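**Student:** as they sit in the full assembly, here are the leading chains:
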Amino acid sequence: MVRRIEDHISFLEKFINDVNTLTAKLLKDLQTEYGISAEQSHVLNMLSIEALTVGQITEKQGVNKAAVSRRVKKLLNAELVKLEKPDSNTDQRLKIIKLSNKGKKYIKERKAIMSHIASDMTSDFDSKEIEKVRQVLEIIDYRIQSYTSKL
Amino acid sequence: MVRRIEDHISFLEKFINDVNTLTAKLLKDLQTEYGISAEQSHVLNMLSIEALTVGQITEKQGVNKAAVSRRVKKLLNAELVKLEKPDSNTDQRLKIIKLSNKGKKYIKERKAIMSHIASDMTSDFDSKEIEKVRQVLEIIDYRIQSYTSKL
């Protein structure tokens, strides 16, 4: 079973980006309606989970110092993302940012489009068998977290 | 039951990002040891599944037609990744970008890497309770591959 998991990891690595490629194509309309960019829906999304700093966002994907700040430099500018303390400076390491009601009603319009196409894709399933999936994926998740802590 | 389906996608959303971050904060190993920008790494993941062209490579994301072109040439004018016809001006239609020896030699390294971790991570499971999960997963992925046809 040493060649087995290399597959289950290869599949996920497949099923994963087939969820990625989809999202983007399936969403492009509301990213031209809201005028952003993929590499921004993926940035918005992360705070649609809960508030983050710019220093907190960088570690997650690419360790781009401020090449990712030119990507939040637009985000705020388009009203979407809003600030920490309306007190004025030129400080960027201080502030923490969250989504404004505009980057929030984007999200309502986002998790409505997927909370359609997937509600379909799965409308025929056993729940006492889709939980038995959720669960297993909760663990491998949890684990993945109590390891996204350590080394 | 009309909503329960919701948390699942967000969860599945969440879940990748985690998986997405672990691979990154974990492959930042061989990434620099091959002198490659992180997201480039991503580009290679598909080319690993089959033969492919720049147009195709942009299909799994957004309008990065001359935006993911640097990305590929940064894997051409920089190591790994072959080209199709060792000489080509700029016409990317006669260009069919494949993989060089190390094009696997990297995927071959990275894979067994992100694997021992997934070998560890899951090891108290009877192959049976993972398998099930793999199936419902294989399905939801099929349904995606198809519904990724019309547009």
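**Tutor:** It's in. Numbering: from 1, shown residues only, chains lettered A, B, ... in the order given.
**Student:** top helix in chain A by residue count?
**Tutor:** helix A:2-27 (DSSP state H).
**Student:** buried stuff in it?
**Tutor:** A:5, A:8-9, A:12-24, A:26-27 (16 or more other CB atoms under 10 Å in any protein chain shown). For every residue, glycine as well, the C-beta is placed using N, CA and C.
**Student:** again, but for stretch A:78-87
**Tutor:** Buried residues in stretch A:78-87 (16+ other CB under 10 Å): A:80-82.
**Student:** hang on, the earlier thing: so which of the buried residues of helix A:2-27 also contact chain B?
**Tutor:** A:5, A:8-9, A:12-22, A:24 (CB under 8 Å from any CB of the partner chain).
**Student:** out of the residues you listed, who's nearest residue A:33?
**Tutor:** residue A:24 (14.4 Å; CB to CB).
**Student:** can you name the residues that contact the closest one?
**Tutor:** A:38, A:41, B:60-62 (CB atoms under 8 Å, 6 or more residues apart in numbering or on different chains).
**Student:** same thing with residue A:64?
**Tutor:** So residue A:64 contacts residue A:58 (CB under 8 Å, 6+ apart).
**Student:** 10 Å - rerun?
**Tutor:** If you count contacts by CB atoms under 10 Å, 6 or more residues apart in numbering or on different chains, residue A:64 has them with A:58, A:70-71, B:37-39.
**Student:** ok, now DNA strand C:
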DNA sequence: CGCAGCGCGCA
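**Tutor:** DNA strand C, in position alongside the others:
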């Protein structure tokens, strides 16, 4: 403190 607004059809 490494780039952004462009190859919608081209035999």
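**Student:** quick recheck of the contacts of residue A:24 now DNA strand C is there?
**Tutor:** By CB under 10 Å, 6+ apart, the contact set of residue A:24 is A:31, A:38, A:41-42, B:59-63.
**Student:** thinking again about what came up before, angle of the next helix or strand after the longest helix of chain A against helix B:38-47?
**Tutor:** As assigned by DSSP states H and E, the chain's next helix or strand after helix A:2-27 is helix A:38-47. For helix A:38-47 against helix B:38-47, the angle by axes from the mean of the first three to the mean of the last three CA atoms, to 10 degrees is 110 degrees.
**Student:** packing partners of helix A:38-47?
**Tutor:** helix A:2-27, helix A:54-58, helix A:73-77, strand A:81-82, strand A:96-99, helix A:101-121, helix B:5-32 (3 or more CB pairs under 10 Å, 6 or more residues apart in numbering or on different chains; DSSP states H and E).
**Student:** one step back: centre of the chain to the longest helix of chain A, how far?
**Tutor:** 16 Å (CA atoms, centre = their mean, to the nearest Å).
**Student:** that one vs DNA strand C: in contact?
**Tutor:** No. Helix A:2-27 is not in contact with DNA strand C by CB under 7 Å from any atom of the strand; minimum separation 13.1 Å.
**Student:** check stretch A:69-78 too.
**Tutor:** Yes. With CB under 7 Å from any atom of the strand as the criterion, DNA strand C is reached by stretch A:69-78 at A:70-71, A:74.
**Student:** list just the nearest of those to residue B:138.
**Tutor:** residue A:71 (35.0 Å).
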